[PDB]
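Chains as they are written, first to last, in our numbering: chain A, 3 to 336; chain B, 2 to 336; chain C, 488 to 821.
We put the CB at the ideal spot given by N, CA and C, even for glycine.
In what follows, a structure is listed as structure tokens, so that the remarks can point back to it.
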Amino acid sequence: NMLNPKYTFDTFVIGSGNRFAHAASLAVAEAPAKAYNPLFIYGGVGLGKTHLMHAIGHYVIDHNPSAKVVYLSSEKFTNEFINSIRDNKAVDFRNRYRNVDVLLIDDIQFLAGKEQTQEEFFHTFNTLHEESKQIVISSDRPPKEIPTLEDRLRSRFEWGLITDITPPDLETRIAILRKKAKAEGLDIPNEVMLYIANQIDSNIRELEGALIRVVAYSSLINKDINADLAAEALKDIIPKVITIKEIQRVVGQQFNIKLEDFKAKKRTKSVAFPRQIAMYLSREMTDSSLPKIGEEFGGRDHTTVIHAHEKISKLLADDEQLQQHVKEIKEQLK
Amino acid sequence: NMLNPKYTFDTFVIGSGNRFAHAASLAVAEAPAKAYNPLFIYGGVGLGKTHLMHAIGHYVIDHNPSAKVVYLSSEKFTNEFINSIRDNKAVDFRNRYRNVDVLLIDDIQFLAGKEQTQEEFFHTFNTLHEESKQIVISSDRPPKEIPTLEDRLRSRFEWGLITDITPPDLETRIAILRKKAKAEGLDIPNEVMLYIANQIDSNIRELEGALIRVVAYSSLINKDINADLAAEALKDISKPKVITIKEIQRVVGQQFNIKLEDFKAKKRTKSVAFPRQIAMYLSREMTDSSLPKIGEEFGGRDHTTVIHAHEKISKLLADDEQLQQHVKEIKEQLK
Amino acid sequence: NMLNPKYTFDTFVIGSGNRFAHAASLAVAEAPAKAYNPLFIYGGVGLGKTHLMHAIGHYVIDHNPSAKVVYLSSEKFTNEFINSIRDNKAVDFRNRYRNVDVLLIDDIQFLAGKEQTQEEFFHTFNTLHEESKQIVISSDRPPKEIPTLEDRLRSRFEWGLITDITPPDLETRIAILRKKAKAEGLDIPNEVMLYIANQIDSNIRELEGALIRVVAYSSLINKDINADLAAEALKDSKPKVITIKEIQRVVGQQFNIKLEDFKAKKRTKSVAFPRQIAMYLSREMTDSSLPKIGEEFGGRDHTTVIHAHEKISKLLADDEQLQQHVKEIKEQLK
DNA sequence: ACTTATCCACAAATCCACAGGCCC
DNA sequence: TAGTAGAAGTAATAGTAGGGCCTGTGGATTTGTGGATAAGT
Ligand SMILES: Nc1ncnc2c1ncn2[C@@H]1O[C@H](COP(=O)(O)OP(=O)(O)OP(=O)(O)O)[C@@H](O)[C@H]1O
Ligand SMILES: Nc1ncnc2c1ncn2[C@@H]1O[C@H](COP(=O)(O)OP(=O)(O)OP(=O)(O)O)[C@@H](O)[C@H]1O
Ligand SMILES: Nc1ncnc2c1ncn2[C@@H]1O[C@H](COP(=O)(O)OP(=O)(O)OP(=O)(O)O)[C@@H](O)[C@H]1O
Ligand SMILES: [Mg+2]
Ligand SMILES: [Mg+2]
Ligand SMILES: [Mg+2]
């Protein structure tokens, strides 16, 4: 059907960032339409939302062959809705999508900006919840911050349980890697898994891609996977914390001035202008507080910091090659 | 069909710079949607990405006549998408591009700056991957550095297997010359191909152009192909070593027996300044960096000092054949 | 149509400096899209490139009346492309220029700098090449020295065969003056033949212009053509085009500075004063654009030329010597 | 003690993306 | 057996990439010019 055999509760590795979502989803799977009817789950990219939805559908269909579970995306929903109302066959669209025992609608944020598709989904939600049919909704952002969503639809989103998924930590990253390797059926040393999980922490997808690249490169070189071969396979794939000290050093380097005279009390232009540019960069790049940066600037007052920042912003608002130099400095810092 | 009969896995030549991509493409063509469902090949220009895409298409079509293999470039995708939007046949566009066993989309970087087409390709990718359909994506730079690409699409690109093509080796350039000569069915002595391969190193396209020009000039003059005729034909036709300041000061320090760190020292002695003055001269002569940067590389020395040293060295070499010879030797060493 | 019938494969003669291009073009005409599919003819002005392109078009259309052969200059291509974008007829533009059997594009050099049209020409090239169509391109310089040409388009240009056109020699001039004499059906003495052959060598357009002048003089004088009449006709009535190269070479002759260093980034006063003088003179007596002057002089900005002209005007508004020298050089170049 | 080579402040020729007005 | 004259109809999408440049101030910026300064002789 429309579900994924690889996406099930057994393949899901439970961790700190997905324990709550997993438990809520498992409750919904065990007691459809009776425990948490409007379930809403949101998170980042490559975190397990569609995996969890397919696991819910798999569990319900496995335990209840007389269950009409339908998984779909928001894009497919709008496509089918508009096609139906263009073909003048809307009655069949309604008949299909109001009689589902479980509705697993995905990436609901796509509905933002489509007023009539939002209205049709609103009526679909009302009809499905009025008859005790399970509703699971997935998003990338909490329902509050989905734009162009009406109060009615948002309030239906918020009626039941709302969960969240957080990026995974090291232990569960290594656990996911071990599970994927064991499912594939190859023995990989634990040092390789630790190496990969350390040097790629973005989501499942780049982690899986790194594992696939390691395996493919090792198979090509017909050598057993080790830490050095994994390093060579991931040489071409592999952010830094910005530091006020590093910013000052860089700016002083470009603008022909030493390091010890940043805290000097000299008011010469040739030193003040690079210092003002460096402090403007620190203000508009780092989250460091104004008292802290002033302390790093030899105890300069917040009023003086304000005046220098405003002067630099206004002066840059009239020219472009200072912006070019700032862009070059930022590229160097990256 | 839309595929090239010239591009095939047979006509492709395995080199050290493309063995990985050839193996990945061959495995994908042997087992579509079952080995590496999203496959992402990136590299330089004229390096053999469309060759591999057409080769995969040919293999899949030949080994499965009933499979729908569709090859297109990014600009064709955008043109057809926008045309469908204007003509209200977007349903036809979706039904055409969401129901293919194998999709082969070329030069995906062109989508940078096309937000609606990026969304449409995102959804097409999602549908094809859900339905266990093979997707092959081509580009010149990895998805990390394609600008204005949504993180969802980037994460999809990074999901499967990403492989790269690197510029060809001398041996494989000679092999490509041999293969092309055999394909067009005339014989060329080995030294001519060796000369062409040594002289031309950018990508396959310039190599093919050089071979075509040599063959055509030989046919025109009605004389047999040799090294002198090849040179005459190619009269007007493995890396550009970009200079760097650390290299130039390393060369001058090895020439005049001064350590690296002392280059940033404040000493004003003659035996220190004169190498530094000629370093200023050669830096301004060769590199495109500003005199602010030339003062950066010596720990913040003034552009005025740099230019004063420059004109001093110019005046010196105006009457110093020994200095001219030394600077020429420095140029030869750095080149 | 758009093809000049004066140029045809019959009236072109195998010269010493153009036999290679003639043979390549003839092979292309005999076997379109099969022999040398991307054809690239680079050479000086008035040497036979347009003649060869028109001959190729004539041959292909004659031996295949159903073939779609289109010839155009790059100016027309750019203008049509821009107007298609402006009027939202870009679909019609693409339909016109991607479904032709043979395309003959003229003067590809000045596309240098005009971006977004060398991407549409890139896509047109790729469409024609993949659909097994024929492309002929004309230029005044080898592709490796066409400025601001993206590496992909450069590789596309160099993928094919490159033909060098050399200025004609004595025998070629003699042959084509015989050709024009047979074309226009008048008889001239061998003395005038040799005269016009050997004492006139800039380009064959100049040769034809001298022919026209001699014919007009003979018709006006109502006397038989002879060496004395030819010499009297060619003693000197033409407004010379004030070119940037002429201006800069006059400036260099007057100031003792070479020409190649004008491309150098060096901007000492002794060479910057002649540079800004040349910029002001070009702005004064050239209809050419300041960005074109900058590109011919190192790819500099138009605002640079504007500032140089403003500074020169300010200087001449105060110093009489500068005005006198400017008047002297203007009279010299006039 | 002075003058000479060297480093730094300062002003001007130059070059950048950027506002605008055609006008197609 | 040879058979008549039939009306009043809805609520509806999501939607693209794009042209140089003729001009033209504003302002950085990257230097040369001049001045300030240590030293060494
Ligand atoms: N905890 C986990 N354990 C195992 N696999 C996981 C886990 N979290 C995510 N994954 C992997 O995520 C992959 C795909 O991610 P998924 O589609 O579930 O997330 P998503 O990007 O949030 O979803 P969506 O498609 O709704 O945008 C699956 O193949 C699955 O193996
Ligand atoms: N081993 C090889 N690798 C690459 N190209 C080869 C090889 N052997 C022959 N060629 C020829 O050299 C040309 C270079 O490949 P290709 O044209 O695909 O470069 P590309 O820049 O990747 O193409 P595109 O720009 O369309 O992506 C091909 O047209 C091909 O016919
Ligand atoms: N080598 C030549 N021999 C004889 N005639 C020539 C030669 N070159 C140019 N001509 C004459 O010039 C005319 C047009 O060709 P020409 O070389 O002027 O094209 P062109 O200058 O390249 O034009 P464009 O710059 O528009 O491409 C022809 O009618 C031809 O008589
Ligand atoms: Mg989702
Ligand atoms: Mg490609
Ligand atoms: Mg021309």
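First and last residue of the uninterrupted alpha helix (DSSP H) at residue i
i, result
"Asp88(B)", "75-88"
"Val515(C)", "506-517"
"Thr165(A)", "Segment 164-166 is the beta strand (DSSP E) holding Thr165(A); no alpha helix (DSSP H) there."
"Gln118(A)", "117-132"
"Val578(C)", "577-585"
"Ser140(B)", "No alpha helix (DSSP H) contains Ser140(B), which is instead part of the beta strand (DSSP E) from 135-140."
"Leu673(C)", "No alpha helix (DSSP H) holds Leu673(C); DSSP gives it neither H nor E."
"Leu106(A)", "Segment 104-108 is the beta strand (DSSP E) holding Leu106(A); no alpha helix (DSSP H) there."
"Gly254(A)", "246-256"
"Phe760(C)", "756-772"
"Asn199(B)", "191-200"
"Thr305(A)", "304-318"
Reference residue i, options the options, closest by Cα
i, options, result
"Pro40(A)", "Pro144(A), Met4(A), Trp161(A)", "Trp161(A)"
"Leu28(A)", "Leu151(A), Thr165(A), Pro144(A)", "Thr165(A)"
"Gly502(C)", "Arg665(C), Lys756(C), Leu820(C)", "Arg665(C)"
"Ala232(A)", "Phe95(A), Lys182(A), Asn192(A)", "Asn192(A)"
"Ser642(C)", "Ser203(B), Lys50(B), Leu105(B), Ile83(B)", "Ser203(B)"
"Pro33(B)", "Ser133(B), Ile42(B), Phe10(B), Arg97(B)", "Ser133(B)"
"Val102(A)", "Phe264(A), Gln325(A), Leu74(A)", "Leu74(A)"
"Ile198(A)", "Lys225(A), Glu234(A), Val15(A)", "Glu234(A)"
Where the beta strand (DSSP E) through residue i begins and ends
i, result
"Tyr494(C)", "Premise fails: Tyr494(C) is in no beta strand (DSSP E) and is neither H nor E."
"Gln334(A)", "Run containing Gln334(A): none in the beta strand (DSSP E); it sits in the alpha helix (DSSP H), 323-335."
"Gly210(B)", "Run containing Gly210(B): none in the beta strand (DSSP E); it sits in the alpha helix (DSSP H), 205-222."
"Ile528(C)", "525-530"
Test: residue i CB closer than 7 Å to a CB of chain B
i, result
"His616(C)", "no"
"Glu248(A)", "no"
"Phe760(C)", "no"
"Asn258(A)", "yes"
"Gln325(A)", "no"
"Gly211(A)", "yes"
"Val47(A)", "yes"
"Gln111(A)", "no"
"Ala218(A)", "yes"
Buried or exposed by the 16-neighbour rule on C-beta atoms within 10 Å, applied to residue i
i, result
"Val307(B)", "buried"
"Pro168(B)", "buried"
"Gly785(C)", "exposed"
"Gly672(C)", "exposed"
"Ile177(B)", "buried"
"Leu283(B)", "buried"
"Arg215(A)", "buried"
"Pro149(A)", "exposed"
C-beta neighbour in chain A for residue i, strict 7 Å
i, result
"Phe21(B)", "yes"
"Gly16(B)", "no"
"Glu297(B)", "yes"
"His124(B)", "yes"
"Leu162(B)", "yes"
Interface flag, residue i vs chain C, CB-CB below 7 Å
i, result
"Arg214(B)", "yes"
"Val243(B)", "no"
"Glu76(B)", "yes"
"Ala231(B)", "no"
"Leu221(B)", "yes"
- Item | ligand 6 site residues, beta-carbon cut 7 Å against heavy atoms | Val532(C), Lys536(C), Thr537(C), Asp593(C), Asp594(C), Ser625(C), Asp627(C)
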